[PDB]
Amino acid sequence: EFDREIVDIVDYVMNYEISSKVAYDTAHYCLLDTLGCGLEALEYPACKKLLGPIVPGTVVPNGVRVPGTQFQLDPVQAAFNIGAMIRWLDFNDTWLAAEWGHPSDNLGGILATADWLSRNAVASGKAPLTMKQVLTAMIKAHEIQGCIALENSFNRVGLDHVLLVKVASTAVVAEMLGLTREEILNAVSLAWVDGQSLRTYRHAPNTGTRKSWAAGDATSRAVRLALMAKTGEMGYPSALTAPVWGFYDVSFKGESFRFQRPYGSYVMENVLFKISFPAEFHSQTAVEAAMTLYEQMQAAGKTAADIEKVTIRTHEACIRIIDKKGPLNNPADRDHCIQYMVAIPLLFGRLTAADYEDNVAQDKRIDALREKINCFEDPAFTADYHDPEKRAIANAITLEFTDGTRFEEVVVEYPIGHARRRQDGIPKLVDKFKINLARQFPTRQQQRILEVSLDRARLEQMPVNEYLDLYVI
């Protein structure tokens, strides 16, 4: 009697067999990338102040060992820790669609449940779970969340996207707990009937730190709902379609969930990785091209002070999300200016985060050359942007000199963090991970982690508990 949307999620999470090398490879990289972010977040007091157990000194038998910390918490509280860490700085993977999100947030509930389950197994002389399950669970979570967010937008109804994290995590975690098909159904319904937080903290003038831990709390809630269904807690069959009290009517505006495709492994296969310049995603390929123009102008003895017109041929979303003519002296100003993030590269030949303030944002071309940037929209690009087989973030920059000679409009279809650029992006991703690892562990420990981590075959065999033990201080 359970709504189809719910049954589809459960059946998928229960019987669907993933058979995609790309799916398991990307998941592999995603795990390391996510974990690394978590370690970097451990350098910020704003984050670490929310970590640990609710009551300091608490002792949990076979508690989840939170990476880079001393804490050994129960599955729920640990899920919140990991969840808040990995998403804190906002460097984890991304999935832009109808609804924006970071599927890697589900790692909180997954990792915690897997580690707790393994330590209990080993304690009882049983077989623990292996990192292979974690990868499988990740792929599945990315799907649930990734597919619903494909066409259904919740920021349009005032809700935050973390509700998808709670639904995904709940599904995967309940399955992982070995619950029956009934118990799992009950679990997912509870997630839909559960409350759904607002986005107030992601918008001005209330932009706050909750946007950093909202997901960690969502995935944590999932572990709690799943552990309840585990005890045999009842379900709510029409949690979504109920006539007046169902989710659809109450908070989805009397609409319904639309799906452009069934659950598979499409999401993980096309995830975006924050592993390049500190520039908004829609302006990534624009910066990469700005860098090529900088060295091509060098080999042509052309100073950035010769440009009298720079027309950028972007895509739909670009002009819509990043573009603002007129002076600006704030982070959200420069960090969201396709005109500015391209100005610096052409002027200095680099784009570091240390360029979105006032110190460097002084030069004339900082407010002058930017006034030579014309950003229009092209039908050819915006089409590939929505094309499921591409998902390009293409950009095209053309430099018009006073010498009556313009430069060959350079065009970058996919950013380095994109799925079709793994040959250039993975190296970067591995560098980031190695760096993050150094932030918390001694040279020796860094090598043990890195050596096992990079080896997929060797890592898939490792017992979840044994892998996380490599991150203990």
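Numbers follow the displayed sequence, beginning with 1.
Between the stretches 135-143 and 306-314, it is 306-314 that shows the larger average CA temperature factor. The PDB entry records a higher mean C-alpha B factor for 227-235 than for its counterpart among 227-235 and 74-82. Highest CA B-factor among 191, 98, 164, 319, as stated in the entry: 319. The PDB entry assigns its highest CA temperature factor, among 115, 389, 151, 255, to 389. Remark: residue 62 belongs to the lowest third of its chain, ranked by C-alpha B-factor as recorded. Sorting the modelled residues of the chain by their CA temperature factor places residue 370 in the highest third. Sorting the modelled residues of the chain by their CA temperature factor places residue 201 in the lowest third. Residue 405 sits in the highest third of its chain by CA B factor, as recorded in the PDB entry. Compared with the other modelled residues of the chain, the Cα B-factor recorded for residue 364 ranks in the highest third.
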